[PDB]
């Protein structure tokens, strides 16, 4: 039974400090050199989503002030959501979503070769379903700052708000590696989140605001740079926006479109605290948005896919990305396998292992533990650094 | 006589909206592709400074709550400072500070050739003393969103907090072009800022927090990447930090160093509201910081200069930057001069003028007006776009 | 029983001519375009070592003048050592020591695939233990000038002095391929060198001077460019040198350090002619150097490894080198295997075989003979030519 007083637990593994720790982290900074594969970086996207996220949190924070702990002003609710929004894409690897797919699929292959036999079937699932949410969770709680001792040591509320997939790999979506399970359990516990299935907990309500803030921004801003990429026509974009509201003339429309969409998202979160604060709500917040808002998002996205996502230049770049990644995976994971169980790696792999020196995985460590170390490294790379190293390799 | 109720005027040319308009602007986004010249971009620097800025504003906001308008919570004071911090470096051209110097000095040369004769001596001063603060002011109030009609249309308070040099070119520091004078006058008026000299007003008090937030971050973070650039030794850095407090072991120190420096900055702003809220205070906030804090900043900076700024690789890159800029200035300003007064530009310059098409300066416009248009264009370029165009030119 | 009159046999497979033939050879010239893998070429290293080598030979030549054939002035003894020093590294492949390791290890792999089955187990050992000394020996006696008929046709003394590993592959160190055995036997015979084990002879005494001249130069000069590479600190280097003696201030120290080390090496060779001229001496000359000299070498080397050899940029370049080599080996050795025993090579390999045209291995030749031809070719390549061809391949 979700309680607004437990769901906003300020204890850590206040909200303003969560924000700063994320902004100063090397993982966040690297987003400035990480982009989605195009035919506007992951960092500028994260910043925009955090504005809309904060705004969403503040609106609902005002609307439901009496239901929230007396210590929590709306500006505090906005901060928790803003922070989660900044951390949201911190785990994706070079080449973004495409790189995510490239890694997941590279694993289904390496597996069909036994590279993963030394692993149980469950641990193996962690890689076969590689999702950036799981990697981001590990980065936030294990890799940054206090390594393997709380990590970024954020508030339980920010973490709960970050976890859109609070469950194990057991659509390919999950946000917790077999190695973070104890952490997810403790967090869920502190937030008083029901454990529906065994290794699956219920979502923290605020995750819905973060998600909504994310699709609101992809929806509108993808159109904007889809325009500066000459892949979209002004009239169509202007029409889609005017559709809900009633190049700088567009930024002004964009501004109004964002207001309405934020209002619509906020006035859907408030309308559904019953099915929200208890049990589960049917899918995502956008579906429960009123007609013209719910459609502006759908249509905007559909447009991006057709004219941007489907472009063949993008396709060809995604192939290059895939190849750059496999070259990397083959090398590091190959080295992980070569030294597993105390085996003496052959020359060439020793040097690949030296590249990490202090970050290298211990030879006597189980395969899952060491592969995680390889993925930590690769997933943390900036796009250019990845291509660079694949090349000079 | 500065009044905390007028100094926080929420009318515009609320603070949360100032923040978002800055984050969504093309000018801000471009900072992600703008760096200082090295031997960590201007965007990540801006983000960090804004965290420290917000924090400073919130601390003093709490400390002086009763002196502030009853509508202004500390979180509102932090937001005004955070916003000004985000806009602070929005006007610098490609190659950052080096590009700033390259442009200013390119003008002292072009002037010694008469390219500026068609201009009065005052208007000419605008370029001879080119400062990014003046360009940023024009970008915030004239170029973005509502072009030449309020621009970003920010709050008077954010603008007052942005203006660290609220005066005309009449150290080479000023933040108002001859063309923005009416705007500065109106702003100063709305904030009730004394007009000491004729074309020189008094600083808004919060500017001091923004400045302090800026040197606090350059001071500590320049050391950090000075380290990942192998130009600095861990022991020296650790020693300097331990000097005030008593690679991840450093981020933790960095964290503590920031707290102390923020505390020190806040507990200096409060100590001096008399010489602050009335007349002028001796220089900048750091000088009025207690012993170990005031020295940690000084020593950290001194260290960066010697080992980073002085590096000869940087020097050589600064030469390349200079050349890239002159190639650009020669082209666009050359074209500005060729068509001045209705003169028919010779071929080649017509094409350079075509590059702006809609942004091109009107042939019958005074030279100062058209040169401003050329600088708007060049200064807004990302580093790579500048080099790119100089090349393909 | 070693005899100073037989050990300096001037007959050939006088010392001044050995010197010139080496300097004019294409193999030696190519050292100017061959470097060790860095994070100063093999040619400048060879030149420096030859100065110290000559000097060593002249000092001991004076000290033991009455024990040497009455025709041999010290300047003649220096020349034999200087010549051997110039030839010393003439056999290493592109990427130097790293390339040496890359080839040896590429073979242990290709072997674990049967590419070497057509070869006996002994002949196979020649490649599994690939050492530049063996390749250099083949180049000096088989490849240059009078191909397969004496080669460079040097003096027996220079050759004996060149051979630091006068034995078969039967640390991975040996300097004679199965194909050069008859030559080593004849040489050893002419110099009257004991045949301890069956396919292993005793070292010519002067080899010790060559070796000492080599580590003396790596020891000091690696520090010098370790300095111009900013991987070392002046104080530490200056301290290490001052340690035995008691940027131009360093070249002067370097000069003194070299004198002392040469003196120390010379006054260790003379002290041990008994265990030298008969049977074997415990290891290498440096170990038998007095305290401060013996330690200056050890410490200087240890320093280079830690701060230069261990640098991760070097590691990554070594990976690139490995890959460039395997691409080459796979191609040429692959072609060697395809046509073995008169098999018709498939297209693509025919073209690879055409690249050598006249140097191509005869299809009816045993595999060891043809693989040797492939290694001759690859090992003789300059670093850039190797990378070039791997690329355009």
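Chains as they are written, first to last, in the authors' numbering: chain A, 2 to 14, 28 to 53, 61 to 191, 200 to 275, 292 to 438; chain A', 2 to 14, 28 to 53, 61 to 191, 200 to 275, 292 to 438; chain A'', 2 to 14, 28 to 53, 61 to 191, 200 to 275, 292 to 438. A prime marks a further copy of an entry chain.
Here a beta-carbon is modelled for each residue, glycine too, at the ideal position from N, C-alpha and C.
CB-CB under 6 Å to residue i, same chain, minus the five flanking residues each way: which ones, in chain order?
| i | result |
| --- | --- |
| residue 435/A | 369, 372 and 373 |
| residue 6/A'' | 90 |
| residue 76/A | 307 |
| residue 398/A | 380 and 405 |
| residue 148/A' | 128 |
| residue 95/A | 79, 82 and 83 |
Look up residue i in the DSSP assignment and give the residues it is bridged to.
| i | result |
| --- | --- |
| residue 229/A' | 188/A' and 226/A' |
What is the C-beta distance between residue i and residue j, in whole angstroms, given that I count them as a contact (C-beta under 8 Å)?
| i | j | result |
| --- | --- | --- |
| residue 152/A' | residue 207/A' | No, residue 152/A' and residue 207/A' are not in contact; Cβ-Cβ is about 13 Å, not under 8 Å. |
| residue 378/A'' | residue 416/A'' | 6 Å |
| residue 349/A'' | residue 251/A'' | 4 Å |
| residue 418/A' | residue 404/A' | 7 Å |
| residue 139/A'' | residue 412/A'' | 4 Å |
Counting only the same chain and skipping the five closest in sequence on each side, list residues whose C-beta sits under 8 Å from that of residue i.
| i | result |
| --- | --- |
| residue 113/A'' | 48, 63, 120, 121, 153, 156, 157 and 424 |
| residue 269/A'' | 252, 341, 344, 345 and 348 |
| residue 174/A'' | 13, 14, 35, 166 and 167 |
| residue 316/A'' | 333 |
| residue 326/A' | 237, 317, 320 and 333 |
| residue 209/A | 155, 158, 159, 162 and 163 |
Is DSSP giving residue i helix, strand or coil here?
| i | result |
| --- | --- |
| residue 293/A' | helix |
| residue 134/A' | coil |
| residue 205/A' | strand |
| residue 167/A'' | strand |
| residue 176/A' | strand |
| residue 75/A'' | helix |
| residue 125/A'' | helix |
| residue 388/A | coil |
| residue 11/A | coil |
| residue 105/A | helix |
| residue 424/A | helix |
| residue 111/A | coil |
| residue 83/A | helix |
| residue 182/A | helix |
| residue 162/A | helix |
| residue 333/A'' | helix |
| residue 236/A'' | helix |
| residue 215/A' | helix |
| residue 50/A'' | coil |
| residue 410/A | coil |
Near residue i, which residues of its chain fall below 7 Å by C-beta distance, leaving aside the five closest residues on each side in sequence?
| i | result |
| --- | --- |
| residue 4/A'' | 221 |
| residue 150/A | 125, 190, 201 and 203 |
| residue 427/A'' | 44, 47, 48 and 115 |
| residue 51/A' | 116, 117, 119, 359, 362, 363 and 366 |
| residue 32/A | 104, 175, 176 and 179 |
| residue 246/A | 66, 69, 70 and 73 |
| residue 352/A'' | 255, 260 and 261 |
| residue 338/A | 273, 305, 306 and 309 |
Could you please give the first and the last residue of the uninterrupted alpha helix (DSSP H) stretch that includes residue i?
| i | result |
| --- | --- |
| residue 144/A'' | 142–149 |
| residue 62/A'' | Looking at the DSSP string, residue 62/A'' is not in any alpha helix (DSSP H), and its letter there is neither H nor E. |
| residue 383/A' | 357–383 |
| residue 265/A | 263–271 |
| residue 29/A' | 29–38 |
| residue 319/A'' | 319–322 |
| residue 399/A | 394–399 |
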